[PDB]
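Encoded as structure tokens, the following chain is the form deposited in one PDB entry, with no partner shown.
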């Protein structure tokens, strides 16, 4: 069968936590008062929730209310426990309250308000320094949740709220996040298509925190090369082919051979043979000001087939790419 895999960092953190910490099924939700919050306007509907801007009339402060769509109280408690565990951490969205919505008859998560401009216009105006700055901020968030035994599993521009004016950043939507337990097999149907790690695309279930680092690499590639998204697959199969046209097919086979994985035979007539490309290939006159040897080496160390070979969040923060970023 498939060769087992372990996270190379924070492997045993949940093993030595009290079971209270990771056993989210047994979590007892403490409900606030739903009348404290008045909905102002709808911000968006996802597959799992509707998101509203609201006001807490007990302090006249803006909040974000996420009213969950009906789903397993499995996944509801999971997001809630993860949010409470990570509360107070660097650039983690802050869960302020949990109330029961009288209309949906589902939980409504109440978050700190953060003032976001969309990633689409924002990513077109980001300077070289801005990209490095915000990447460092994301890494703080990723290193923290990983250190707390949690992988996000849905890292993408949509889930990174940026207040460009106050240069503040928040990682949001922890509804797909999970606890890492060594040797545990996970659902491969996570993350969004363009940001799915190769482990997901070859259906390798024993993944870990390193999944988040591939997704982050995809984001970085889209930013410094100014191509959103970078790997633009039409489906989950074409997605792996897109990646293979850059990282090459030989290292792809090295990867699945290492873990004794078999590709879906439908790849037989679409995968072909491809050499690994040098990242300079994607540099042109309109993005070159965002590119540096440091930028490419960092990107290169994130985008690895082998999840065990990618930089950890902590290692990433040690990278020379962030030397120019002013530290606090």
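Under this definition, the rigid core comprises the largest set of C-alpha atoms superposing within 1.5 Å between the forms. Residues that one form lacks are left out of the comparison. Residue numbers count along the first chain shown, from 1.
Note on 200-208 vs 70-78: mean CA B-factor is higher in 70-78. Looking at 183-191 and 210-218 together, the entry lists the larger mean B-factor for 183-191, computed on C-alpha atoms. The residue among 283, 299, 55, 65 whose C-alpha carries the highest B-factor in the deposited model is 55. Going by the entry's values, 165 shows the largest Cα B-factor out of 250, 238, 165, 101.
Among the modelled residues of the chain, residue 306 sits in the lowest third by CA temperature factor in this PDB entry. Compared with the other modelled residues of the chain, the Cα B-factor recorded for residue 133 ranks in the middle third. Looking at the C-alpha B-factors along this chain, the one for residue 231 belongs to the lowest third.
Sorting the modelled residues of the chain by their CA temperature factor places residue 225 in the lowest third. Sort the modelled residues of the chain by CA B factor and residue 287 lands in the lowest third.
The protein also exists as the form deposited with a partner chain bound; that form is not presented, and the subsequent description refers to it.
Comment: the partner chain is not present in this chain, but in the deposited complex one of 268, 275, 38, 288 has a heavy atom within 4.5 Å of it, namely 38. This chain is drawn without the partner chain; in the deposited complex, the residue among 147, 106, 116, 249 with a heavy atom within 4.5 Å of it is 106.
Checking 211-219, 161-169, 129-137, 96-104 against the partner chain in the deposited complex, the stretch whose residues place heavy atoms within 4.5 Å of it is 96-104. The partner chain in the deposited complex comes within 4.5 Å of no heavy atom belonging to residue 279. Residue contact with the partner chain in the deposited complex: residue 67 places a heavy atom within 4.5 Å of it. The partner chain in the deposited complex comes within 4.5 Å of a heavy atom belonging to residue 52.
Among residues of the shown chain, residue 34 is one whose heavy atoms approach the partner chain to within 4.5 Å in the deposited complex.
Note: rigid core superposed between the shown form and the other one; among 259, 52, 279, 48, the CA shift is 2 Å or more only at 48. For residue 184, a C-alpha deviation below 2 angstroms is recorded between the shown form and the other one after rigid-core alignment. Residue 119: CA moves 2 Å or more between the shown form and the other one after rigid-core fitting. The rigid-core alignment places the CA of residue 88 less than 2 Å apart between the shown form and the other one. By 3 Å or more, the C-alpha separation between residue 138 and residue 118 shrinks in the deposited complex relative to the form shown here. Look at residue 134 and residue 119: in the deposited complex their Cα atoms come 3 Å or more closer than in this form.
Moving regions between the shown form and the other one, defined as 3+ consecutive residues each with a CA shift of at least 2 Å after core superposition, lie at 44-48, 101-105, 116-121, 326-328.
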